[PDB]
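Computation of the quantities below employed the complete heavy-atom set of this structure, encompassing side-chain atoms and omitting hydrogens, waters and symmetry-equivalent molecules. Proteins come first, then strands; the chains are lettered A, B, ... in the order of their sequence lines, and each starts at number 1.
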Amino acid sequence: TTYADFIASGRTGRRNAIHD
Amino acid sequence: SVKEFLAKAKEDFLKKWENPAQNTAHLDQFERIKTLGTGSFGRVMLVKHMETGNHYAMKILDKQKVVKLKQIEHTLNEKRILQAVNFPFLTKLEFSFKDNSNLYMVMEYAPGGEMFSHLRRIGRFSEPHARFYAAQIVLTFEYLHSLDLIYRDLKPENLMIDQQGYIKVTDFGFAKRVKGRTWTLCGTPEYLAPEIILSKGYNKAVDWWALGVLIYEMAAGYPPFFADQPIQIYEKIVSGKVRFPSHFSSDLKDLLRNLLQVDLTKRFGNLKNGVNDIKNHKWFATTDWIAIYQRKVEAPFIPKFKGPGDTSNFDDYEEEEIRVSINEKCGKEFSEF
Ligand SMILES: NC[C@H](c1ccc(Cl)cc1)c1ccc(-c2cn[nH]c2)cc1
């Protein structure tokens with residue numbers, strides 16, 4: 001499921017802003 | 001009349017924009033209690049103002065680290081904007097000041113914690129719950145955009161819950177006062193408009209795209225474009241495809257199709273009728289906008305209260321010293337702060 005793929009991903013924690 | 005409130009708000013803002021408040025307190029006036037979050041060039045602390053006993057959130061920026069990260073102009077934007085603005089769902093800048101080592105911004109403390117924390121734990125929000133928060137963002141952007149401000153970092157990580165269960169938008173590190181286009185590649189990967197990814201000049205429309213992502217993520221429990229690496233996410237965002245969970249209502253799907261629209265001429269919020277396309281959408285039909293502004297409508301969730309300086313809705317971080325060098329760092333760079 002899409003939920004399970006998200007929860008297994010490395011991007012469920014606080015996400016950093018991008019920059020240079 | 002929205003128009004009249006906004007005209008008056010712009011008069012209030014410009015006065016403070018053209019003559020920004022400066023050096024309105026000092027470190028020793030505050031008791032430092034706990035770190036509420038920590039990151040690259042700065043952290044945020046719960047502090048107590050000793051002369052009043054009021055609790056505030058104090059953001060501390062290491063001037064040398066801001067320089068290294070090329071965030072000087074963006075940091076001066078943050079403070080100049082925050083001291084000038086005034087809106088119920090923005091965190092009020094009460095004081096600002098600097099010393100040899102650091103920049104300080106003292107804001108109202110929101111004891112309910114980050115939307116991020118609650119969204120992740122609960123898994124997802126019901127559509128009414130999500131709609132309640134979304135309305136407050138819709139009004140905040142209406143306010144900010146009327147002042148020619150672009151916000152540029154909407155996400156659950158940057159939305160605080162107050163004691164009454166209403167939102168405070170915080171983190172104005174990338175906020176900018178621009179009439180026309182701007183080009184900076186900034187924001188958070190999941191939330192970037194196609195424009196930004198494709199190095200186009202862009203405008204406030206990127207904020208309304210970011211609203212679409214937020215609403216989706218609030219209602220689904222995960223964002224519309226995710227992957228393990230940023231590049232994979234950007235490929236999804238530019239593709240022009242989005243799947244909605246079967247539980248998404250017809251109206252929700254339709255709001256999001258119009259918000260997450262790669263075509264600027266069709267993106268809601270960016271059309272001839274402006275923000276009212278959003279405000280008058282069927283999904284918001286139950287929304288009483290004035291009642292939301294007056295914070296008269298009941299929160300679908302009210303945080304656990306345990307005193308004035310309770311930090312239990314925030315995570316724990318290692319406490320690190322606030323050290324003040326005997327030598328002034330980066331004096332010229334931050335002269336106007
Ligand atoms: N991104 C919000 C920032 C923060 C949170 C967590 C981490 Cl790890 C780093 C930075 C933050 C900003 C403002 C406030 C706050 C709370 N009440 N008033 C302001 C808390 C956290």
Test side chain to side chain donor-acceptor pair (under 3.5 Å) on B/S101 and B/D99; report intermediate values, then the result. CA-CA 6 Å; B/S101 290; B/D99 64 34; 4.7 Å; no
Around [X], counting heavy atoms of other residues, nucleotides and ligands shown, do more than 12 lie under 6.0 Å from its [atom1]?
{"X": "B/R243", "atom1": "CZ", "result": "no"}
{"X": "B/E298", "atom1": "CD", "result": "no"}
{"X": "B/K65", "atom1": "NZ", "result": "no"}
{"X": "B/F301", "atom1": "CZ", "result": "yes"}
{"X": "B/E11", "atom1": "CD", "result": "no"}

Do [X] and [Y] make the cut of ring centroids closer than 6.0 angstrom?
{"X": "B/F225", "Y": "B/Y216", "value": "no"}
{"X": "B/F97", "Y": "B/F95", "value": "no"}
{"X": "B/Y133", "Y": "B/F125", "value": "yes"}
{"X": "B/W208", "Y": "B/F141", "value": "yes"}
{"X": "B/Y56", "Y": "B/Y109", "value": "no"}
{"X": "B/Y202", "Y": "B/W183", "value": "no"}
{"X": "B/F132", "Y": "B/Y166", "value": "yes"}

Only one of B/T311, B/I33, B/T35 passes side chain to side chain contact (heavy atoms under 4.5 Å, CB included) with B/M45; say which it is.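 Going through the options one by one, the only one that passes is B/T35.
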Residues [X], [Y]: salt bridge by 4.0 Å N-O rule:
{"X": "B/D171", "Y": "B/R152", "value": "no"}
{"X": "B/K279", "Y": "B/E142", "value": "yes"}
{"X": "B/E31", "Y": "B/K48", "value": "yes"}
{"X": "B/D228", "Y": "A/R11", "value": "no"}
{"X": "B/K63", "Y": "B/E333", "value": "no"}
{"X": "B/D310", "Y": "B/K34", "value": "no"}
{"X": "B/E321", "Y": "B/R32", "value": "no"}
{"X": "B/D251", "Y": "B/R131", "value": "no"}
{"X": "B/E114", "Y": "A/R14", "value": "yes"}

Worked check of side chain to side chain donor-acceptor pair (under 3.5 Å) between B/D153 and B/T188: CA-CA 6 Å; B/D153 206 19; B/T188 298; 2.9 Å; yes
Quick one: does any side-chain atom of [X] pair with a main-chain N or O of [Y] as donor and acceptor, under 3.5 Å?
{"X": "B/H247", "Y": "B/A220", "result": "no"}
{"X": "B/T170", "Y": "B/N158", "result": "no"}
{"X": "B/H281", "Y": "B/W283", "result": "yes"}
{"X": "B/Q136", "Y": "B/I167", "result": "yes"}
{"X": "B/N280", "Y": "B/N276", "result": "yes"}
{"X": "B/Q29", "Y": "B/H26", "result": "yes"}
{"X": "B/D207", "Y": "B/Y151", "result": "yes"}
{"X": "B/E108", "Y": "B/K92", "result": "yes"}
{"X": "B/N313", "Y": "B/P111", "result": "yes"}
{"X": "B/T184", "Y": "B/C186", "result": "no"}

Minimum heavy-atom separation for [X] to [Y], with atom names?
{"X": "B/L256", "Y": "B/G212", "result": "CD2-O, 3.3 Å"}
{"X": "B/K329", "Y": "B/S325", "result": "CE-OG, 3.2 Å"}
{"X": "B/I237", "Y": "B/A193", "result": "CG2-C, 4.5 Å"}
{"X": "B/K98", "Y": "B/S335", "result": "NZ-O, 2.9 Å"}

May I have the step-by-step check of salt bridge (charged side-chain N to carboxylate O under 4.0 Å, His left out) for B/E195 and B/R267, ending in yes or no? CA-CA 12 Å; B/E195 303 97 281; B/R267 190 183 301 169; 2.8 Å; yes
Determine, step by step, whether B/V297 and B/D288 satisfy the side chain to side chain contact (heavy atoms under 4.5 Å, CB included) criterion, reporting the C-alpha distance in whole Å, the side-chain angles of both residues, the deciding distance to 0.1 Å, and the verdict. CA-CA 8 Å; B/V297 8; B/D288 190 2; 5.9 Å; no
For B/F226, is the NZ or CZ atom of B/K236 found under 6.0 angstrom from the centre of its six-membered ring and inside 45 degrees of the ring axis?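 The answer is yes; both the distance and angle limits are met.
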Less than 6.0 angstrom from the centroid, inside 45 degrees of the normal: does B/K79 satisfy that with respect to the ring of B/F337?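 Yes, a cation-pi geometry.
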For B/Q261 and B/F268: C-alpha separation, side-chain torsions, deciding distance, then whether side chain to side chain contact (heavy atoms under 4.5 Å, CB included) applies. CA-CA 8 Å; B/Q261 169 66 249; B/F268 266 31; over 6 Å; no
Quick one, B/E127 with B/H129, criterion side chain to side chain donor-acceptor pair (under 3.5 Å). Give me CA distance, side-chain angles, the key distance, then yes/no. CA-CA 5 Å; B/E127 298 196 14; B/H129 193 161; over 6 Å; no
Begin from the C-alpha positions of B/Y317 and B/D315 and carry the test side chain to side chain donor-acceptor pair (under 3.5 Å) through to its verdict. CA-CA 7 Å; B/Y317 302 84; B/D315 282 302; 4.5 Å; no
Gap between atom [atom2] of [Y] and atom [atom1] of [X] - 0.5 Å precision:
{"X": "B/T182", "Y": "B/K179", "atom1": "OG1", "atom2": "NZ", "result": "14.5 Å"}
{"X": "B/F89", "Y": "B/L144", "atom1": "CZ", "atom2": "CG", "result": "12.0 Å"}
{"X": "B/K282", "Y": "B/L255", "atom1": "NZ", "atom2": "CG", "result": "8.5 Å"}
{"X": "B/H55", "Y": "B/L46", "atom1": "NE2", "atom2": "CG", "result": "6.0 Å"}

Given side chains that start at C-beta, do those of B/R181 and B/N203 come closer than 4.5 Å, heavy atoms only?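 Side chain of B/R181 against side chain of B/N203, heavy atoms only: no contact under 4.5 Å found.
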Run the numbers on B/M105 and B/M58 for side chain to side chain contact (heavy atoms under 4.5 Å, CB included), then give the verdict. CA-CA 6 Å; B/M105 283 169 285; B/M58 180 185 274; over 6 Å; no
As a quick check of understanding, evaluate side chain to side chain contact (heavy atoms under 4.5 Å, CB included) for B/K10 and B/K8, giving each step before the final call. CA-CA 5 Å; B/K10 188 156 197 162; B/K8 202 270 184 65; over 6 Å; no
What orientation do B/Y222 and A/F6 show, parallel under 30°, tilted 30 to 60°, or perpendicular over 60°?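 The arrangement is tilted - the two ring planes meet at 30° to 60°.
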Report yes or no: do B/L61 and B/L27 belong to one cluster of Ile/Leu/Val/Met/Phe/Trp/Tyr joined by side chain heavy-atom distances under 4.5 Å?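 No, no single cluster joins them.
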